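Below is final_28.cif, which holds mmCIF, C-alpha atoms.
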data_structure
#
loop_
_atom_site.group_PDB
_atom_site.id
_atom_site.type_symbol
_atom_site.label_atom_id
_atom_site.label_comp_id
_atom_site.auth_asym_id
_atom_site.auth_seq_id
_atom_site.Cartn_x
_atom_site.Cartn_y
_atom_site.Cartn_z
ATOM 1 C CA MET S 1 13.746 39.155 -9.581
ATOM 2 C CA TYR S 2 15.122 36.203 -7.601
ATOM 3 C CA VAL S 3 16.303 37.270 -4.155
ATOM 4 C CA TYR S 4 19.576 35.703 -2.986
ATOM 5 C CA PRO S 5 18.494 32.777 -0.750
ATOM 6 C CA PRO S 6 17.155 30.114 -3.131
ATOM 7 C CA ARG S 7 13.854 28.972 -1.625
ATOM 8 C CA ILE S 8 11.286 26.934 -3.550
ATOM 9 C CA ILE S 9 8.007 28.540 -2.454
ATOM 10 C CA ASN S 10 4.719 27.301 -3.950
ATOM 11 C CA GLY S 11 6.690 25.034 -6.265
ATOM 12 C CA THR S 12 8.676 27.842 -7.905
ATOM 13 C CA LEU S 13 11.716 29.936 -7.089
ATOM 14 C CA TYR S 14 10.838 32.866 -4.832
ATOM 15 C CA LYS S 15 10.405 35.848 -7.167
ATOM 16 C CA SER S 16 9.975 39.281 -5.584
ATOM 17 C CA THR S 17 8.966 42.428 -7.427
ATOM 18 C CA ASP S 18 10.057 44.865 -4.738
ATOM 19 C CA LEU S 19 13.609 46.160 -4.870
ATOM 20 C CA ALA S 20 13.896 46.528 -1.111
ATOM 21 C CA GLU S 21 14.021 42.841 -0.166
ATOM 22 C CA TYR S 22 16.051 42.265 -3.289
ATOM 23 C CA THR S 23 18.602 44.742 -1.921
ATOM 24 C CA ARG S 24 18.461 42.967 1.451
ATOM 25 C CA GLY S 25 19.136 39.692 -0.349
ATOM 26 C CA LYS S 26 22.079 41.362 -2.074
ATOM 27 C CA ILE S 27 23.468 42.349 1.339
ATOM 28 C CA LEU S 28 22.983 38.807 2.639
ATOM 29 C CA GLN S 29 24.676 37.343 -0.446
ATOM 30 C CA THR S 30 27.636 39.715 -0.111
ATOM 31 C CA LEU S 31 28.060 38.942 3.597
ATOM 32 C CA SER S 32 27.577 35.183 3.121
ATOM 33 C CA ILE S 33 30.321 34.862 0.485
ATOM 34 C CA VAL S 34 33.932 34.718 1.667
ATOM 35 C CA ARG S 35 36.559 36.190 -0.652
ATOM 36 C CA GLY S 36 37.685 33.237 -2.756
ATOM 37 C CA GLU S 37 34.450 31.247 -2.599
ATOM 38 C CA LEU S 38 33.526 32.079 -6.204
ATOM 39 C CA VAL S 39 35.659 30.610 -8.971
ATOM 40 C CA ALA S 40 34.630 33.239 -11.532
ATOM 41 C CA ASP S 41 35.313 36.199 -9.213
ATOM 42 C CA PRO S 42 37.990 35.204 -6.663
ATOM 43 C CA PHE S 43 38.022 38.720 -5.206
ATOM 44 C CA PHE S 44 34.336 39.324 -4.443
ATOM 45 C CA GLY S 45 33.362 38.605 -0.848
ATOM 46 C CA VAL S 46 34.002 39.806 2.693
ATOM 47 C CA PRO S 47 37.435 39.165 4.250
ATOM 48 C CA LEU S 48 37.317 36.758 7.186
ATOM 49 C CA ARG S 49 39.812 36.690 10.053
ATOM 50 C CA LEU S 50 38.722 34.366 12.833
ATOM 51 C CA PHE S 51 41.540 33.077 15.064
ATOM 52 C CA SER S 52 43.505 36.181 16.057
ATOM 53 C CA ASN S 53 43.840 38.280 19.205
ATOM 54 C CA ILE S 54 41.395 41.185 19.431
ATOM 55 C CA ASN S 55 43.699 44.185 19.012
ATOM 56 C CA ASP S 56 43.125 45.348 15.409
ATOM 57 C CA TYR S 57 39.443 44.440 15.154
ATOM 58 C CA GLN S 58 38.173 47.729 13.676
ATOM 59 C CA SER S 59 40.108 47.627 10.387
ATOM 60 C CA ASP S 60 38.211 44.548 9.198
ATOM 61 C CA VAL S 61 34.956 46.306 10.129
ATOM 62 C CA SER S 62 36.005 49.274 7.993
ATOM 63 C CA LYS S 63 36.963 46.942 5.131
ATOM 64 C CA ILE S 64 33.552 45.249 5.296
ATOM 65 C CA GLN S 65 31.852 48.657 5.304
ATOM 66 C CA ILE S 66 33.867 49.768 2.262
ATOM 67 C CA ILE S 67 33.114 46.523 0.407
ATOM 68 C CA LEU S 68 29.397 46.874 1.151
ATOM 69 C CA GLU S 69 29.370 50.504 -0.015
ATOM 70 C CA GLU S 70 31.252 49.774 -3.255
ATOM 71 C CA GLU S 71 29.341 46.605 -4.157
ATOM 72 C CA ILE S 72 25.825 47.871 -3.312
ATOM 73 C CA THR S 73 25.131 51.424 -4.499
ATOM 74 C CA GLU S 74 21.383 51.416 -3.764
ATOM 75 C CA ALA S 75 21.890 51.329 0.024
ATOM 76 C CA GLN S 76 23.867 53.188 2.683
ATOM 77 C CA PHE S 77 25.902 51.080 5.105
ATOM 78 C CA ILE S 78 27.246 51.786 8.592
ATOM 79 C CA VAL S 79 29.071 48.879 10.225
ATOM 80 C CA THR S 80 29.814 48.781 13.950
ATOM 81 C CA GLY S 81 31.836 46.235 15.916
ATOM 82 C CA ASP S 82 31.346 45.247 19.556
ATOM 83 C CA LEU S 83 33.514 42.925 21.672
ATOM 84 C CA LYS S 84 31.608 40.168 23.468
ATOM 85 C CA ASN S 85 32.576 37.931 26.363
ATOM 86 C CA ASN S 86 34.187 34.714 25.136
ATOM 87 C CA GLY S 87 35.388 35.109 21.548
ATOM 88 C CA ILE S 88 32.422 36.682 19.801
ATOM 89 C CA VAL S 89 32.885 39.854 17.761
ATOM 90 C CA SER S 90 29.404 41.267 17.143
ATOM 91 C CA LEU S 91 29.053 43.101 13.839
ATOM 92 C CA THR S 92 25.987 45.271 13.274
ATOM 93 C CA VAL S 93 25.305 46.531 9.745
ATOM 94 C CA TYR S 94 22.847 49.433 9.637
ATOM 95 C CA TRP S 95 21.487 49.676 6.101
ATOM 96 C CA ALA S 96 18.873 51.935 4.541
ATOM 97 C CA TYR S 97 17.442 51.537 1.043
ATOM 98 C CA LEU S 98 17.805 54.872 -0.739
ATOM 99 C CA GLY S 99 14.731 54.341 -2.924
ATOM 100 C CA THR S 100 12.401 54.307 0.072
ATOM 101 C CA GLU S 101 12.073 56.957 2.778
ATOM 102 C CA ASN S 102 10.561 54.860 5.598
ATOM 103 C CA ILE S 103 11.379 51.470 7.092
ATOM 104 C CA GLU S 104 10.070 48.835 4.660
ATOM 105 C CA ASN S 105 8.528 45.760 6.266
ATOM 106 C CA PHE S 106 8.542 42.459 4.382
ATOM 107 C CA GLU S 107 5.717 39.941 4.688
ATOM 108 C CA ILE S 108 7.909 36.927 3.871
ATOM 109 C CA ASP S 109 9.665 37.321 7.234
ATOM 110 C CA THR S 110 6.406 36.779 9.133
ATOM 111 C CA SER S 111 5.763 33.579 7.166
ATOM 112 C CA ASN S 112 7.087 30.449 8.882
ATOM 113 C CA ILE S 113 9.521 28.639 6.584
ATOM 114 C CA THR K 2 -16.924 42.281 -73.557
ATOM 115 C CA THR K 3 -17.542 41.178 -70.016
ATOM 116 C CA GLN K 4 -15.144 38.739 -68.416
ATOM 117 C CA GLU K 5 -16.418 35.984 -66.153
ATOM 118 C CA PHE K 6 -14.781 35.283 -62.783
ATOM 119 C CA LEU K 7 -15.426 32.397 -60.399
ATOM 120 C CA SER K 8 -14.562 31.994 -56.715
ATOM 121 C CA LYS K 9 -10.889 31.391 -56.029
ATOM 122 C CA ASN K 10 -9.007 30.647 -52.828
ATOM 123 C CA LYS K 11 -5.719 32.558 -52.709
ATOM 124 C CA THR K 12 -4.410 34.955 -55.361
ATOM 125 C CA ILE K 13 -1.357 37.184 -55.486
ATOM 126 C CA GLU K 14 -3.511 40.170 -56.397
ATOM 127 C CA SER K 15 -5.602 39.834 -53.251
ATOM 128 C CA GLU K 16 -2.405 39.637 -51.226
ATOM 129 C CA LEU K 17 -1.463 43.052 -52.562
ATOM 130 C CA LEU K 18 -4.274 44.553 -50.507
ATOM 131 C CA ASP K 19 -4.760 41.893 -47.832
ATOM 132 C CA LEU K 20 -3.153 44.493 -45.585
ATOM 133 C CA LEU K 21 -5.810 46.919 -44.330
ATOM 134 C CA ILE K 22 -5.759 47.178 -40.532
ATOM 135 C CA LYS K 23 -2.633 48.218 -38.659
ATOM 136 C CA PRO K 24 -2.369 47.954 -34.860
ATOM 137 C CA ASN K 25 0.523 50.363 -34.374
ATOM 138 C CA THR K 26 1.406 52.472 -31.360
ATOM 139 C CA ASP K 27 2.540 55.804 -32.774
ATOM 140 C CA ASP K 28 2.421 59.240 -31.129
ATOM 141 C CA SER K 29 -1.147 59.766 -29.906
ATOM 142 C CA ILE K 30 -2.977 60.807 -26.747
ATOM 143 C CA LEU K 31 -3.089 57.177 -25.598
ATOM 144 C CA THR K 32 0.605 56.548 -26.368
ATOM 145 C CA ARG K 33 2.212 59.650 -24.822
ATOM 146 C CA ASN K 34 3.561 57.900 -21.709
ATOM 147 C CA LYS K 35 5.309 54.942 -23.346
ATOM 148 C CA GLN K 36 8.303 54.906 -20.986
ATOM 149 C CA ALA K 37 7.987 54.242 -17.253
ATOM 150 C CA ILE K 38 10.866 54.686 -14.813
ATOM 151 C CA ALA K 39 11.777 51.879 -12.428
ATOM 152 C CA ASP K 40 12.451 52.095 -8.699
ATOM 153 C CA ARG K 41 16.110 52.969 -9.347
ATOM 154 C CA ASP K 42 15.021 56.628 -9.564
ATOM 155 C CA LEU K 43 11.818 56.719 -7.496
ATOM 156 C CA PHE K 44 11.347 57.580 -3.825
ATOM 157 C CA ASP K 45 8.546 55.819 -1.949
ATOM 158 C CA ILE K 46 6.945 58.390 0.361
ATOM 159 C CA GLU K 47 3.910 58.234 2.623
ATOM 160 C CA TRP K 48 0.916 60.549 2.307
ATOM 161 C CA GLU K 49 0.640 62.717 5.427
ATOM 162 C CA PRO K 50 -1.994 65.312 6.378
ATOM 163 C CA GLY K 51 -1.274 68.608 4.692
ATOM 164 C CA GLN K 52 0.440 66.914 1.741
#
Will you turn the file into structure tokens for me?
Amino acid sequence: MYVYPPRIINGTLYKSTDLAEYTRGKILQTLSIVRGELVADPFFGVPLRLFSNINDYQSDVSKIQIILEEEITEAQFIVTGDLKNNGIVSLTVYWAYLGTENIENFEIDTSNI
Amino acid sequence: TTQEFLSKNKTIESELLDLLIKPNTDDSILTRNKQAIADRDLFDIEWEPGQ
């Protein structure tokens, strides 16, 4: 299968047999698409709220967690939000691939692109 | 009386039995496990001592 980020490696599209990095690519694709980006599906994508005071900053985290859980059924998602110094809201998505039982390392990460 | 026959190239009567060898995959000891299950229902586990 073709993982989300289109990279031409060795003259062809990067095809991966493993389902674990394919699931990771699915997570990256879901998080990289803002709701409304796609013309076919105007509802798929994470909701983005950028310029607003940091009072209700957990509800969007919960919405992102729910969207990740509904869209990707092969992984379990826990999303946490931290408040940084200037204006940064740090989201951390803890995901585990249900097919595997241990942490699965990918060799394409070590390769220098 | 005996009829004489000379070499031909392609007859309909030979094409009635041109079929002789069939490479099928029907129930047999070598075709029991036709269906394999993908990773959607498999767990990848490591082999530990005492396993």
Residues of chain S that have any atom at most 10 Å from an atom of chain K: could you tabulate them with the shortest-distance atom pair and the distance in Å to one decimal, using only C-alpha atoms, ordered by chain and increasing number, as CSV?
residue,atom,partner,partner_atom,distance
S:18,CA,K:40,CA,8.6
S:19,CA,K:40,CA,7.2
S:20,CA,K:40,CA,9.5
S:74,CA,K:41,CA,7.8
S:97,CA,K:44,CA,9.9
S:98,CA,K:44,CA,7.7
S:99,CA,K:44,CA,4.8
S:100,CA,K:45,CA,4.6
S:101,CA,K:46,CA,5.8
S:102,CA,K:46,CA,7.3
S:104,CA,K:45,CA,9.7
Since I can't run it myself right now, could you work out what the PyMOL selection byres ((chain S and resi 5-14) around 10) selects here and report it as a VMD selection string?
chain S and resid 1 to 4 15 to 16 25 to 26 28 to 29 113
Target residues per the PyMOL selection byres ((chain S and resi 92) around 6), formatted as a PyMOL selection string:
chain S and resi 79-80+91+93
As an exercise, work out the distance from CA of residue 64 in chain S to CA of residue 78 in chain S in Å and give it to one decimal place.
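Separating CA of residue 64 in chain S from CA of residue 78 in chain S is a distance of 9.7 Å.
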Between CA of residue 54 in chain S and CA of residue 87 in chain S, what distance in Å does the model show, to one decimal?
8.8 Å
Axis-aligned box for range 59-73 of chain S, 6 Å per side, centre and edges in Å as AutoDock Vina command-line options:
--center_x 32.6 --center_y 48.0 --center_z 2.9 --size_x 27.0 --size_y 18.9 --size_z 26.9
Name every residue that the PyMOL selection byres ((chain S and resi 34) around 12) selects in this structure, writing the answer as a list in words with chains first and numbers rising.
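On this input, the PyMOL selection byres ((chain S and resi 34) around 12) captures residues 28, 29, 30, 31, 32, 33, 35, 36, 37, 38, 39, 41, 42, 43, 44, 45, 46, 47, 48, 49, 64 and 67 of chain S.
Going from CA of residue 21 in chain S over to CA of residue 110 in chain S, you cover 13.5 Å.
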With all atoms listed in the file as the basis for distance, which of S:103, S:82, S:27, S:89 is at the shortest distance from residue 51 in chain S?
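Selected residue with least distance to residue 51 in chain S: S:89.
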Hey, could you patch up range 32-47 of chain K with N, CA, C and O atoms and hand it over as a compact mmCIF listing (two decimals), keeping the file's coordinate frame?
# COMPACT_ATOMS: atom_id res chain seq x y z
N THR K 32 -0.76 57.06 -26.34
CA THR K 32 0.60 56.55 -26.37
C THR K 32 1.64 57.59 -25.97
O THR K 32 2.82 57.44 -26.33
N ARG K 33 1.25 58.64 -25.24
CA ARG K 33 2.21 59.65 -24.82
C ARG K 33 3.21 59.08 -23.82
O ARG K 33 4.43 59.24 -23.98
N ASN K 34 2.72 58.41 -22.78
CA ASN K 34 3.56 57.90 -21.71
C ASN K 34 3.93 56.45 -22.02
O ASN K 34 3.44 55.52 -21.38
N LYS K 35 4.80 56.26 -23.01
CA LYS K 35 5.31 54.94 -23.35
C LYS K 35 6.35 54.43 -22.36
O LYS K 35 6.39 53.23 -22.10
N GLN K 36 7.18 55.31 -21.81
CA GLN K 36 8.30 54.91 -20.99
C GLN K 36 7.99 55.16 -19.52
O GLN K 36 7.63 56.29 -19.14
N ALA K 37 8.12 54.13 -18.70
CA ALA K 37 7.99 54.24 -17.25
C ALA K 37 9.34 54.02 -16.60
O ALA K 37 10.15 53.20 -17.06
N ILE K 38 9.59 54.75 -15.52
CA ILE K 38 10.87 54.69 -14.81
C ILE K 38 10.74 53.72 -13.64
O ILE K 38 9.73 53.71 -12.92
N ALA K 39 11.77 52.90 -13.46
CA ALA K 39 11.78 51.88 -12.43
C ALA K 39 12.03 52.50 -11.05
O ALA K 39 12.05 53.71 -10.88
N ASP K 40 12.21 51.63 -10.06
CA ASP K 40 12.45 52.10 -8.70
C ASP K 40 13.88 52.59 -8.48
O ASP K 40 14.18 53.09 -7.40
N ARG K 41 14.75 52.45 -9.48
CA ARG K 41 16.11 52.97 -9.35
C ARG K 41 16.16 54.49 -9.25
O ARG K 41 17.17 55.03 -8.80
N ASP K 42 15.10 55.18 -9.65
CA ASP K 42 15.02 56.63 -9.56
C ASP K 42 13.75 57.14 -8.90
O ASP K 42 13.44 58.32 -9.03
N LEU K 43 13.01 56.28 -8.20
CA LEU K 43 11.82 56.72 -7.50
C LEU K 43 12.02 56.64 -5.99
O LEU K 43 12.70 55.75 -5.47
N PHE K 44 11.41 57.59 -5.28
CA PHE K 44 11.35 57.58 -3.82
C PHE K 44 9.94 57.20 -3.40
O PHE K 44 8.96 57.80 -3.87
N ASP K 45 9.83 56.22 -2.51
CA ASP K 45 8.55 55.82 -1.95
C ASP K 45 8.30 56.66 -0.70
O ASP K 45 9.04 56.55 0.28
N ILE K 46 7.27 57.49 -0.74
CA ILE K 46 6.94 58.39 0.36
C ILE K 46 5.52 58.12 0.82
O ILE K 46 4.69 57.65 0.04
N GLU K 47 5.25 58.40 2.09
CA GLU K 47 3.91 58.23 2.62
C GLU K 47 3.13 59.53 2.49
O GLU K 47 3.69 60.63 2.45
